[PDB]
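Asker: Sequence below, structure please.
(chains A, B, C, D, E, F, G and H)
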Amino acid sequence: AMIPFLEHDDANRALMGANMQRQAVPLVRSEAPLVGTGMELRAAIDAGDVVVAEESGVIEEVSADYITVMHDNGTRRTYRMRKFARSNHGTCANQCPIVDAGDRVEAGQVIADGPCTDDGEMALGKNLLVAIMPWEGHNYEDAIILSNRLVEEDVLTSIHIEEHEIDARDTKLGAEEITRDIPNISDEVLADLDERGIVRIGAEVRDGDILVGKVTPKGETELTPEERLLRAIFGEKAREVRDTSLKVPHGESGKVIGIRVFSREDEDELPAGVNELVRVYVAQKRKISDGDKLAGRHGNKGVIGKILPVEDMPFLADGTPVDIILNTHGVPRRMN
Amino acid sequence: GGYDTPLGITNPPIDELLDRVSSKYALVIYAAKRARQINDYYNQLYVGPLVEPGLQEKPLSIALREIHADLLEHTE
Amino acid sequence: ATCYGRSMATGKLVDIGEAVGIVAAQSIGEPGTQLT
Amino acid sequence: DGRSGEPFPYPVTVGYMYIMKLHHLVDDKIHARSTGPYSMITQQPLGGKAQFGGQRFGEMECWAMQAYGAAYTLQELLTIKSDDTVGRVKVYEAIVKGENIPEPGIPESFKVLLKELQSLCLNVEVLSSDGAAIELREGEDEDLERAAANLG
Amino acid sequence: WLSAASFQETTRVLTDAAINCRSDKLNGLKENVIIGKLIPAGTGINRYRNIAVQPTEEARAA
Amino acid sequence: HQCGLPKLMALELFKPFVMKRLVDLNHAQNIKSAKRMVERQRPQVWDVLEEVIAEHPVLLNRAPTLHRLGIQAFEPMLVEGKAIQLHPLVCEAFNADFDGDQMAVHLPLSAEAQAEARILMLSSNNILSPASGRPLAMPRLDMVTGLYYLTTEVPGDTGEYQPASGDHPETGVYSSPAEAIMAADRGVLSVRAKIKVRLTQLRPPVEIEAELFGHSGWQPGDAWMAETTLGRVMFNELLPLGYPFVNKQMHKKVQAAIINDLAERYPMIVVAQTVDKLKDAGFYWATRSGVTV
Amino acid sequence: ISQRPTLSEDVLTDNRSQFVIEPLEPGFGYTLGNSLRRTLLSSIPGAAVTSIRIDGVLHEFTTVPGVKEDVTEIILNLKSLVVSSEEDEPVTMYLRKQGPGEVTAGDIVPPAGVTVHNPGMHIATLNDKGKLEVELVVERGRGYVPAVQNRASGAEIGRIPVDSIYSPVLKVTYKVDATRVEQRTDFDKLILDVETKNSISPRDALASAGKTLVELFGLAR
Amino acid sequence: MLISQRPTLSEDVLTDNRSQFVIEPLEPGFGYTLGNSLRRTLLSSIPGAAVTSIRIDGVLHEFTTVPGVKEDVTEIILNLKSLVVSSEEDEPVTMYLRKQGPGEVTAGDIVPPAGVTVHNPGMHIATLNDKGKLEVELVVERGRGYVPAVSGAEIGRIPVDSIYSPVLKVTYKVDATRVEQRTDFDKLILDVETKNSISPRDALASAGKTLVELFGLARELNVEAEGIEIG
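Answerer: Residues are numbered from 1 along each chain as shown, chains lettered A, B, ... in the order given. What follows is the structure:
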């Protein structure tokens, strides 16, 4: 019911559109569509991820953290905002208040926008200036051409939060340790770790960086002959360890937005053998890129094959560059 | 001789390379074994390249050029 | 090679080493998704 | 036209369309591996990007390789690039030293097949040309000879 | 029997092959793939596989 | 014969080669430090990477593999972004639509594997369907449209040839196709208008060649008067030099007949360059064809 | 046939002007206006914010007490800053606001040589509990440079890099009058329409584009 | 404002009148900045001389066939448009072509007045049969680009399409080139074919001077920092 001009689209393409709306990712800023069907508001409200006022009243205080509304009864109700929360699929659930201090609100009114909401309506995308035409083979075969403005002004940008988890447990050779002291590792690459060996809130982590330092007991038969030569020459420590530290996977970048740590030394319930459990949350700002998949509500979809400089785009007589170029050949045969 | 100056992997025309050899597979084995010889020549310094090599040129390209120039005899 | 005749890809007479049974199976099965 | 500057000769449909960013994103899809972890069971590369895994070369891709008649590509993919345990390390040595890629060995998958057949009470022997049964193992002294000669 | 076992009815093929004490000649491109041997087709046949390649005297002179 | 390879992808795929060539030069002290530099993406690796990439083919595959053309060999070139760039002419072979389709890359290592990639599996070495023999790497979609727009004849179009009735001679004649291009730069001549051009560098059709040049075949430099549109001249210039002039509106069937004929009578490399020329022209003129909804 | 092109400016607003080059070869107006447009969009130098520091926040995804907008929305609001700098070196601006009120761009105190051209531009809203203290590093450059990571610099964790858009130009277009007469003399009049962000005048932007294009077209000689 | 790595201009000579120039590396997008303006400048901005009109003796009202010559009227117009000529002062300058004896006529048989030059004297014009007489007047002026035929007035004089430009054909392409981790840099390729009047080199140089003068008009509005590539 959210597909405009649904009656003008064939059933297969409309099926694809309905399915892809459920695949839209929340953008850092939501923008309601100029052309809706009217289902957007009740969809967002009943979905629940928007914050709704349960009772009428006046906003007593408003912050990014919470809204509190003073009811006519003299009673108070305060709504706490979910801020940069990681969803099951890694998209960013971020609520923001749409009300101001002196505002009067009613029961049922939307106090705060959630993910993919603009002033209470489901907003799954952006209104883009489109031009239907072939352009230099770059939109060939469902490929889509975008203006670099969409990258520079962050209109298709989204936040994706990844949960990295590592634990220290008992092994054959004894307990693992989460520590800042990692053999054969420079002080330069340990800089962003705290005294426990855990990365620090706000650190920028890249491919291969250390998140949580960890060492695992090693056997003396696993030393290289040279390592055993050093150990026997200098009479080194009897404890031999391997570097099992949690590292950022390949192709991942971001900032650390959160750290949660659980230990046996406290009352924290942990599975048998597991001494310490630490979780690191990394948030990535993803600008639209070649290879990302875009779609309209009618089942028309493709990957970005080229992102052109703003000056390369076709522009209207007044100098306005188009945002997106969709290939003409795609439209008529899909029957949308 | 009706083609523009070739680019990259097409440097010897595939048709002209197919004149020196009966089939594509035999050309594959010729170029492969000759390439192995050329790479063995550079490890000890064996037969050196019979064509002036490019700055950095893969021994398989040198081998294909040598086959193009009829500088190698091949026995099936 | 002479009974099989021309290789469709090369346009020349089929080479000796060519495995024409797999080319035949793929040639018959590739369009098979169009059969109703 | 923003490039030449000429006007496009015919009026083009323009307007505003609502476009969504789908959750298929190239940042998640791009993956590449030269060499990485292998399974302790099948001794093939692990699968999946999170595991830094290798690509699946399947039955139909082997059909494609055979229809091309490429024997060494097919053998290389299924031996020194997958479950050949000595062939893979020796291949990395050969590339790093700028030498020729060595001759492939025996896939671990065939040994596993034989072990499973034996576990089914099937007596499966690999016969040579003379009729005797070959025994499949690996010499332990080679790694010890090289490792010992390493120091001097 | 190795090729027939990898196609369909593996259990039956292996039972019959076991009772009949069959010996697979190991010549075919499915069997050679399994054991890691060059397939007997394309570049793998003996004509193309084993070949002598040496430069001519005229080319070695120049 | 080429494919775009994302830089990081190529750096990982070719990593040992980049390390070896990195130790050959003095960028890396030894091979272990070379590994440390490639893993850290130190700026020294991009020149060396571009070097080792050169003329080293890679295999591209799109599942499902229905026929052997489902795997093809290309020369990789370092490209911006994380996406693999695929040539528009091989899509038909891979059944590749860009809706989010993905493809796999494989790096041949041994000299035999590389030789098989360059020779057996190379993209430009397989133009034709292994089943029907018809051309696959043939133009389609926008390309067709562009060429179809280019070779169409529009009666009454700007600069159309005139009978020269009255007090003036023929106004639709041009000494060379270059002069016609000059006229089209101004508003005087439409690319699709019927005109008369003197052509030195293009071979006439069978009837006109036998009539005008008799027994002696046509030679480059010999001028002849052609009645066509400038667009059809620009199209025929994409065909191989010495190909008989085709004065026709180019449908898909006509392009398939021309490329079928080139496959039979011409070398494979000639066809491979011809379809690329037809590609550039077909796209360029596709954007200017005015097709819209 | 001999006459030379003349550039005459006609002002419309403070930040918008038109530029007429009357005599031109026929068909030569579009491509000239487009080279000017392209150079004006890509290459014009300007000033923009590089990074910011906010007291009490170590990264962008988080809130400040008493502030309605989170740090992501605050940075997005700072994207609307139009700023000019003569220093050609990184220079720091400061912002401090307490109590209830609206923090705007006018509340920023720039150092000498740096001007904020839209003081009314909204930044944040603060209630009785809100306090906002921000450092903003301004640099000089051209084009669009994405946020410079702390790995590529010696920046510490508290420093939040920001995407920098240096282009002072806003919307550039052109129109040509193609004069074609039955008489042999034909010419194209070029009208180049230039608008700017209030950071510089259209005249100066077209001058910069002119020097860039002269420098680059001198390569053929 | 910042400095750019200096692009270079290279020349690959194909024929004496035909050359390809390569300007690389260019910052991303600038190949299309320079490309169409350099092409249109090369074509339309270089002054040259050509035939404005001709008058053929024996035919005025007809214009179909010329008696005594194998070629028709328009076929004479075609290869007369191919005439490569240069003049000094700019005024219409009349020339005369006359031949009697059977044979073939060339551009050398035209009598140049003082101050004009025929650069292709070997160019075929017409074939004179037995007793055939050829008399034609060729007006030559200096101009730019390609001006279509401009007539009434006195009969026998036909205006013709005047190719003033010394350059015959120009086409450009922008290819990817890599500068230090960026593979998207622009590489400009110009393919230019000219009359023997001037070389493609001097044509590209004249186009450079013209465009430097043109953008100098914007350069003159102020003096402010811009991209500076020299050195």
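
Asker: which bits of the stretch 151-293 of chain F sit near chain D?
Answerer: Selection of the stretch 151-293 of chain F residues close to chain D by C-beta under 8 Å from any C-beta of the partner chain yields F:287, F:288, F:289, F:290, F:292, F:293. (Each C-beta comes from the backbone N, C-alpha and C, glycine too.)

Asker: hmm, try it at 7 Å
Answerer: F:288, F:290, F:292, F:293 (C-beta under 7 Å from any C-beta of the partner chain).

Asker: before we move on, what about chain B?
Answerer: Contact residues (C-beta under 7 Å from any C-beta) of chain B with chain D: B:25, B:36, B:39, B:40, B:43.

Asker: The residues you listed in helices, which ones?
Answerer: Using DSSP state H, the subset of those located in helices is B:25, B:36, B:39, B:40, B:43.

Asker: are any of those buried, and which?
Answerer: B:25, B:36, B:39 (16 or more other C-beta atoms under 10 Å in any protein chain shown).

Asker: hmm, back to that, buried among the residues of the stretch 151-293 of chain F next to chain D? Make that a ChimeraX selection.
Answerer: Only the buried entries of those go into this ChimeraX selection, using 16+ other C-beta under 10 Å:
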select /F:288
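
Asker: who's in contact with the closest residue to chain A within the stretch 151-293 of chain F?
Answerer: Residue nearest to chain A within the stretch 151-293 of chain F: residue F:283 (3.6 Å; C-beta to the nearest C-beta). With contact set as C-beta atoms under 7 Å, 6 or more residues apart in numbering or on different chains, residue F:283 has these partners: A:136, A:137, F:142, F:143, F:146.

Asker: Confirm that it sits in a strand.
Answerer: No: looking at residue F:283 with DSSP: H, G, I helix; E, B strand; the rest coil, it is helix, so not inside a strand.

Asker: Now it: closest residue in space, sequence neighbours ignored.
Answerer: Of all residues not flanking residue F:283 in the chain, residue A:137 sits nearest, at 3.6 Å (C-beta to C-beta, 6 or more residues apart in numbering or on different chains).

Asker: quick one: contacts of stretch G:181-190?
Answerer: In contact with stretch G:181-190 (C-beta under 7 Å, 6+ apart) are residues G:20-24, G:26-29, G:32-33, G:174, G:176-180, H:147, H:150.

Asker: So which of the buried ones among the ones in helices among the residues of chain B next to chain D is the closest to residue A:332?
Answerer: Taking C-beta to C-beta as the measure, residue A:332 lies nearest residue B:25 of those, at 46.3 Å.

Asker: pretty sure that closest one contacts residue E:44?
Answerer: No: using C-beta atoms under 7 Å, residue B:25 is not in contact with residue E:44; the gap is 8.6 Å.

Asker: which ones are touching residue 10?
Answerer: Because you didn't say which chain, this covers chain A. By C-beta under 7 Å, 6+ apart, the contact list for residue A:10 reads A:335, A:336.

Asker: Switch to chain G, please.
Answerer: Residue G:10 neighbours (C-beta under 7 Å, 6+ apart): G:17, G:18, G:20.

Asker: and if we set it to 6 Å?
Answerer: By C-beta atoms under 6 Å, 6 or more residues apart in numbering or on different chains, the contact set of residue G:10 is residue G:18.

Asker: Quickly find the element holding it.
Answerer: strand G:7-11 (DSSP states H and E).

Asker: any idea of the angle that strand forms with helix H:200-219?
Answerer: For strand G:7-11 against helix H:200-219, the angle by axes from the mean of the first three to the mean of the last three C-alpha atoms, to 10 degrees is 30 degrees.

Asker: The helix or strand following strand G:7-11: how far from the chain's middle?
Answerer: As assigned by DSSP H and E, the chain's next helix or strand after strand G:7-11 is strand G:16-21. Distance of strand G:16-21 from its chain centroid, counting by C-alpha atoms, centre = their mean, to the nearest Å, is 19 Å.

Asker: Residue E:35 contacts residue D:111, doesn't it?
Answerer: No: if you go by C-beta atoms under 6 Å, residue E:35 and residue D:111 don't touch, sitting 10.0 Å apart.

Asker: Distance of residue F:56 relative to residue G:187?
Answerer: Distance, residue F:56 to residue G:187, using C-beta to C-beta, to the nearest Å: 55 Å.

Asker: can you check residue E:25 too?
Answerer: Going from residue E:25 to residue G:187 by C-beta to C-beta gives 87 Å.

Asker: count of residues packed around residue 45?
Answerer: Chain wasn't specified; assuming chain A. Using other C-beta atoms under 10 Å in any protein chain shown, residue A:45 is surrounded by 18 other residues.

Asker: wait, chain D
Answerer: Using other C-beta under 10 Å, residue D:45 has 21 other residues around it.

Asker: What of the one 10 residues further on?
Answerer: Number of residues near residue D:55 (other C-beta under 10 Å) recorded here: 18.

Asker: List, out of the buried ones among the ones in helices among the residues of chain B next to chain D, those positioned next to chain F.
Answerer: Among those, the ones lying near chain F by C-beta under 6 Å from any C-beta of the partner chain are residue B:36.

Asker: could the buried ones among the ones in helices among the residues of chain B next to chain D be laid out in JSON lines, adding distance to chain H?
Answerer: Formatted as JSON lines, those follow (distance: C-beta to the nearest C-beta, whole Å):
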{"residue": "B:25", "distance to chain H": "35"}
{"residue": "B:36", "distance to chain H": "31"}
{"residue": "B:39", "distance to chain H": "27"}
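
Asker: can you redo the buried ones among the ones in helices among the residues of chain B next to chain D as TSV with distance to residue F:269?
Answerer: Output for these, formatted as TSV (distance: C-beta to C-beta, whole Å):
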residue	distance to residue F:269
B:25	20
B:36	27
B:39	27
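
Asker: now, among the buried ones among the ones in helices among the residues of chain B next to chain D, which is nearest to chain G?
Answerer: Taking C-beta to the nearest C-beta as the measure, chain G sits nearest to residue B:39 out of those, at 39.2 Å.

Asker: Understood, closing this out.
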